[PDB]
Amino acid sequence: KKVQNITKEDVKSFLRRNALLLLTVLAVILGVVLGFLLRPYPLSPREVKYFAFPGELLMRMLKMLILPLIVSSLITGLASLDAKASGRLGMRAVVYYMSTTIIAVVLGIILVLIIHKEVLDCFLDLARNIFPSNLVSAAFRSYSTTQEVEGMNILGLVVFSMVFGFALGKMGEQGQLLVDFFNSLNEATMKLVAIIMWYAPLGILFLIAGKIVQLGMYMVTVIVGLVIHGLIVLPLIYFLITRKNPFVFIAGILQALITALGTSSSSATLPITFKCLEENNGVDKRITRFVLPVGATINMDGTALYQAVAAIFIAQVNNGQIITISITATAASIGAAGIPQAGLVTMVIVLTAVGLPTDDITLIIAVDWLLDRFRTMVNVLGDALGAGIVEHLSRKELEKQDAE
Amino acid sequence: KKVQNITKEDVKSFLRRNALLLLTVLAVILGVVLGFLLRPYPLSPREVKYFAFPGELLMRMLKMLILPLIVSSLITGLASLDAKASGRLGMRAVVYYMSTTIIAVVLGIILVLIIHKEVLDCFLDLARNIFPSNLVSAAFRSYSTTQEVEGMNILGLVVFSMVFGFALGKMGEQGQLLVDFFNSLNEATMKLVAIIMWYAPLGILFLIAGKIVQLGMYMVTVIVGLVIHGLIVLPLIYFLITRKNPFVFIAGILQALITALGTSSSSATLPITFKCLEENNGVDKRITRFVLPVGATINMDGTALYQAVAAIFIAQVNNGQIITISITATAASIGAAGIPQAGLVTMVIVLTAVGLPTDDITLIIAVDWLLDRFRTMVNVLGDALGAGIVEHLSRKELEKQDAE
Amino acid sequence: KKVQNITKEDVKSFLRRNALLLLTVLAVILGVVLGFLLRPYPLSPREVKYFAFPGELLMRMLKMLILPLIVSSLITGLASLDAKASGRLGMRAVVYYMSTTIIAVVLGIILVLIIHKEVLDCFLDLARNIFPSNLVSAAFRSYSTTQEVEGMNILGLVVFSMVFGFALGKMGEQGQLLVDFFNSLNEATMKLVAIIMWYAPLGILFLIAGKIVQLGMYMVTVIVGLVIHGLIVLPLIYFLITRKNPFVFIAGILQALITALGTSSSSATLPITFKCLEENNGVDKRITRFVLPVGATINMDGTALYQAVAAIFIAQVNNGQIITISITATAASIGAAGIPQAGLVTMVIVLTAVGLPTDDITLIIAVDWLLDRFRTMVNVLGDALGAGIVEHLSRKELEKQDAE
Ligand SMILES: COc1ccc([C@@H]2C(C#N)=C(N)OC3=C2C(=O)C[C@@H](c2cccc4ccccc24)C3)cc1
Ligand SMILES: COc1ccc([C@@H]2C(C#N)=C(N)OC3=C2C(=O)C[C@@H](c2cccc4ccccc24)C3)cc1
Ligand SMILES: COc1ccc([C@@H]2C(C#N)=C(N)OC3=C2C(=O)C[C@@H](c2cccc4ccccc24)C3)cc1
Ligand SMILES: N[C@@H](CC(=O)O)C(=O)O
Ligand SMILES: N[C@@H](CC(=O)O)C(=O)O
Ligand SMILES: N[C@@H](CC(=O)O)C(=O)O
Ligand SMILES: [Ba+2]
Ligand SMILES: [Ba+2]
Ligand SMILES: [Ba+2]
Ligand code: NA
Ligand code: NA
Ligand code: NA
Ligand code: NA
Ligand code: NA
Ligand code: NA
């Protein structure tokens, strides 16, 4: 293959086709250079916000499109499938989600054992958010007992849109108008992400430039720990089921992985991960609208590995019970939101379970932002390969719907 | 009939059909037992909230479904009827609402005469809420001058949805798409209340268990006062108009009356009262979507009797003007919200009208919760019998629509 | 013409046809009389709010209908036009908007030369509001860095609805359902403004009555300055393009100009300006839904003249750089909101540009309310004549759509 590469054949065709994909890679390279060049800070945090503003605009655009996407996706997705067909596709997703989150936490504990307001209120608020008291409120607000904190209730909307799509599925002819209504809205918001995809290189540049303006050994532990899980463990899972090339599939969702390294939000990168699967990897719309929104807030393999490493790292300094780490890190992974720094916020639960003090989180916070950008990528990669595996396992159910 | 009852015939068929209805009755019996058994409180109010949490979840589910129900109901209801046909059905509802609220206040004053920030701002805020400045805000917020307090503006949504449904009625063919849109959404949210109906026994149990964790004579006055109005006065009104058995009709809405005793909210129990009339009592959808949402926030016969008893009870301790009590108690009844403890909040208006001090409300508050659960039932019973009476009086208008 | 007027012919026919238009003129005459008669104030501002309450209700009704109008208008408007056809109609609107705002600021500076938290944060917040992070939030909230202040994000909704309508235009057949959905909603909210049009005389009366309960020379400068621009400059622009009578056109939108003098909000008067053009002046719905919502928040000729006069008036007391006044007054005109007193709030930007102190705004505030009612009229007049000019310039594009 090395001798085959020195041919220097068709380089112009690659630059013309992957123009936007190369620009985002160029944005990361220029974003690290520009940020480190302007690293001596004679500027107030107020002036840092002005500097990272072109990246802040991209976030506003992405955060905008999440709500009409999540809602339209599940309502059409759960209506496109039959009562038993949705349960089978669901069980395939649940089995995949639980396995990948438990294998990540096992890899996380092994790698850290080789290389050296209440907790109950955090559980009740999750159950309170799964059942929102007002849907209009849920679209822009979340519950946090002291009462209703700012920011979208993604979980409550996924749960409602699921049941709502299933109810229209039972309605048939009457329910067809609303299913056709939400299918128009999904394609309408998808045609809107295509426009936002061109602003992305300008945004990502200033988004990472503004953020670069014993713990060192720990940083390597997670970063190395994620490379093993994401580039060796997860691609082999795809090859074992689909029997197809995983690194060719990972290349299609590169624009979704590069944006994750910028935003650090599974929810914010979801409208682009939808565009990456449905277009370049030619994944079925009926399953992307099924696996992708659920995996965004639940399938967090990168967080579960981070929750296992950072918890034991706290015990290393402070100087059976390791089984409860693998349980609560899996529990906090599914719980945690697909938004930035939501990895350390849910670490309160994993530390209290073993008896470790929660005041130790302050030590990690400083380097969190860099690991957050890497863990989001593993969370995006999980749903992306997660859709492809479900599609390959449910082609029989998909062929029955194509009859008409 | 006593000799006819000792037959012991078909007991298995009753347990299999009314399985869910018996479970809610069992939930009330178990809810009183469990609450009184755990009555010695070595637990903080924080721990009481944890105990009544399975009941708190049911409330979140019910409060959720009120907004898409109220909106879809009136828009289709006012569009299903003609310009003059809606005015006639309206006049039948208004006449029924005013009569039942004035007869309840007359029964209330008689029973209490036998057995021993500004008021203007409370009126202006009602007129401010009837015309909401922002519909999206109205869906989760209400006005309260100091500015816009938390909680749905049910009145503003009923008023807007009414006019909006009437405007589509005039639009005909163009307006048919939106009428067909909202009819899908109404049946979609109705299929969602069927699912919530199974959680109800688990909720109601902890909802009443958590709440049980001269004023004594007063408690009997209202409780006895409501039994006369609800079980003797109101069923005879149905028999005088429909010429049909009222206690057989009351049995159909038992799941709506039992839930009222738990939630204490006419709005929260409205999605279940809709399911009780449309199914078991086979009431027309065109009139339930017309009488039920309006009666939920206006027809409060149980509150009007409570407002008459509690006002004179305050004068009994403190030691012509009784005509103003019957007027303001009727005025506060129509005003007051279909939510818990909204009976004492509107008592400020009835006490200031006669000159009695508003600081006397503090005496009643302690026992209010128990009477609140009983008065809600009389408010639910009023709309339920209220729909059946309107349906019986408007069959000619209903037969004209069935031609097509 | 003077001899032709003494005929006293058909006076009964004018009172029967323009009954509502004469009532609003009568409301202004009675509103000035009633307000000045009750001018000796032995009443607290709390009692002033009670007095101006019948005008406050009209505002609640108007503010209500703006959000479903703005959203439905642009989505159908941008879908009714072709990709290149919307760009041409857009360029015609942009050219008209920039010319009228630059000619108003030139007239403003001439008339004042004959007759004697940060500024950057105000720019960033505009760019933050053009891209809203949550559409449900945008419908009732706006951004203001300290974080998200109360009141509708009109600009974010106009920008989203524009792109959304354009995306459905590309969708064709699939996108037709949603275009037909939003066309029903536009006509539904238009049939709702017809009802609010009858409350208008009662509202306008108390709206202006409550508001009348060197700076004197300055007041005349702007008032005279607006009469030249609005009644002499702007009608001649219409006559130069359309070749039709402008004062006959101004008569059709009189109910929209009289309401502006009451509300002082281009957004609040927009649902009535829509009813005035589409009915009395028989303007095409495809262009009113295009020019009117954009012009409401951008085309502010009355504000640009006010921003030029009041800035130089501040320099007159305090005792090349005049070019920056004409630039920033145009910049603040497009920026400023179509709501009351938004003329002095954006004056911070025009005063800082030349070096003048922002603390001088306190001097003008006292008389602002009267000039605000007059400048809103010039902003309403600008969009109204602005639609008629675009319609006359784009009849070829309109005739192609009428083929079907
Ligand atoms: C709590 O966190 C979740 C929510 C969802 C899921 C699965 C999933 C994915 N991915 C999607 N899109 O739909 C369904 C799933 C089911 O397991 C069940 C499946 C289902 C099948 C049949 C009837 C249903 C009725 C209502 C809701 C879901 C239903 C839907 C997994 C965990
Ligand atoms: C203020 O508190 C209320 C609101 C509503 C009602 C009545 C009602 C009930 N129940 C329902 N569903 O609709 C109408 C009612 C009318 O009286 C009038 C009726 C009506 C008839 C004809 C045209 C209308 C146009 C707009 C609104 C209502 C209209 C509608 C009574 C009191
Ligand atoms: C920033 O403040 C504004 C926003 C809008 C406008 C113009 C306008 C008016 N009036 C309306 N109704 O639509 C469009 C305009 C364009 O210039 C462009 C035009 C347009 C043409 C072709 C494709 C488009 C795609 C997305 C958005 C607008 C598009 C739409 C002017 C200034
Ligand atoms: N940043 C992660 C969540 C986390 O903070 O753990 C994501 O968005 O996927
Ligand atoms: N609880 C009553 C209202 C009240 O408190 O008076 C209801 O919801 O019907
Ligand atoms: N009152 C003006 C805006 C301003 O205050 O300048 C309008 O609504 O058009
Ligand atoms: Ba089907
Ligand atoms: Ba019809
Ligand atoms: Ba077309
Ligand atoms: Na997983
Ligand atoms: Na998660
Ligand atoms: Na009544
Ligand atoms: Na009421
Ligand atoms: Na202009
Ligand atoms: Na403006």
Checklist outcome for this item: Over the stretch A:136-165, the set of residues at the interface with chain B (Cβ under 9 Å from one of its Cβ atoms), surrounded by fewer than 21 Cβ atoms within 10 Å (Cβ to Cβ) and of a type in the set (A, V, I, L, M, F, W, C) is A:163
Checklist entry - Just wondering, is there one or more residues in the stretch C:23-34 that are within 12 Å of another protein chain (Cβ to nearest Cβ) and of a type outside the set (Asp, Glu)? => result no
Checklist entry - What pairs come up if the first residue lies in the stretch B:85-107 and is more than 14 Å from chain C (Cβ to nearest Cβ), the second is charged (D, E, K, R) and within 14 Å of ligand 13 (Cβ to nearest atom), and their beta carbons are under 7 Å apart, counting only those six or more places apart or on different chains? => result B:100/B:301; B:101/B:301; B:104/B:301
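For the stretch A:171-190, which positions are of a type outside the set (A, V, I, L, M, F, W, C) and within 14 Å of ligand 7 (Cβ to nearest atom)?
A:172, A:173, A:174, A:175, A:176, A:180, A:183
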Checklist entry - Taking the stretch B:180-189 as the search range and keeping residues that are at the interface with another protein chain (Cβ under 9 Å from one of its Cβ atoms) and surrounded by 18 or more Cβ atoms within 10 Å (Cβ to Cβ), which one is farthest from the chain's Cα centre (by Cα)? => result B:181
Checklist entry - Among the residues of the stretch C:65-81, is any away from every other protein chain (no Cβ under 14 Å) and exposed (fewer than 11 other Cβ atoms within 10 Å of the Cβ)? => result no
Item to check | Spans of helices (runs of 4 or more DSSP H) in the stretch A:253-332 with at least 2 residues within 16 Å of ligand 4 (Cβ to nearest atom) and touching an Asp or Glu at 6+ places or on another chain (Cβ under 7 Å) | outcome: A:285-297
Item to check | Output for the stretch A:82-106, where each listed residue is buried (at least 20 other Cβ atoms within 10 Å of the Cβ) and in contact with an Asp or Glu (Cβ under 8 Å, 6 or more places away or on another chain) | outcome: A:89, A:100, A:101, A:104
Checklist entry - Between a first residue in the stretch C:165-190 that is within 17 Å of residue C:68 (Cβ to Cβ) and a second residue that is buried (at least 21 other Cβ atoms within 10 Å of the Cβ) and of a type in the set (D, E, K, R), which pairs have beta carbons less than 9 Å apart while being 6 or more apart in sequence or on different chains? => result C:186/C:289
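Pick from B:168, B:124: which is surrounded by fewer than 22 Cβ atoms within 10 Å (Cβ to Cβ) and at the interface with another protein chain (Cβ under 7 Å from one of its Cβ atoms)? Write out each step before concluding.
On the way: B:168 fails: surrounded by fewer than 22 Cβ atoms within 10 Å (Cβ to Cβ).
From the options B:168, B:124, the qualifying one is B:124.
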Checklist entry - Residues in the stretch C:17-31: is at least one outside any helix (DSSP H, G or I), within 24 Å of the chain's Cα centre (by Cα) and surrounded by 15 or more Cβ atoms within 10 Å (Cβ to Cβ)? => result yes
Checklist entry - Within the stretch A:258-295, which residues are under 19 Å from residue A:393 (Cβ atoms) and basic (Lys, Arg)? => result A:285, A:286, A:289
Next on the checklist: Would you confirm whether or not the stretch A:56-66 contains a residue that is outside any helix (DSSP H, G or I) and closer than 23 Å to residue A:285 by Cα?
Outcome noted: no
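No value in this document is a laboratory result; all are computed from the given coordinates. When we count neighbours, we look across all protein chains shown, and the Cβ atoms used for this are built from the backbone with ideal geometry, even at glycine.
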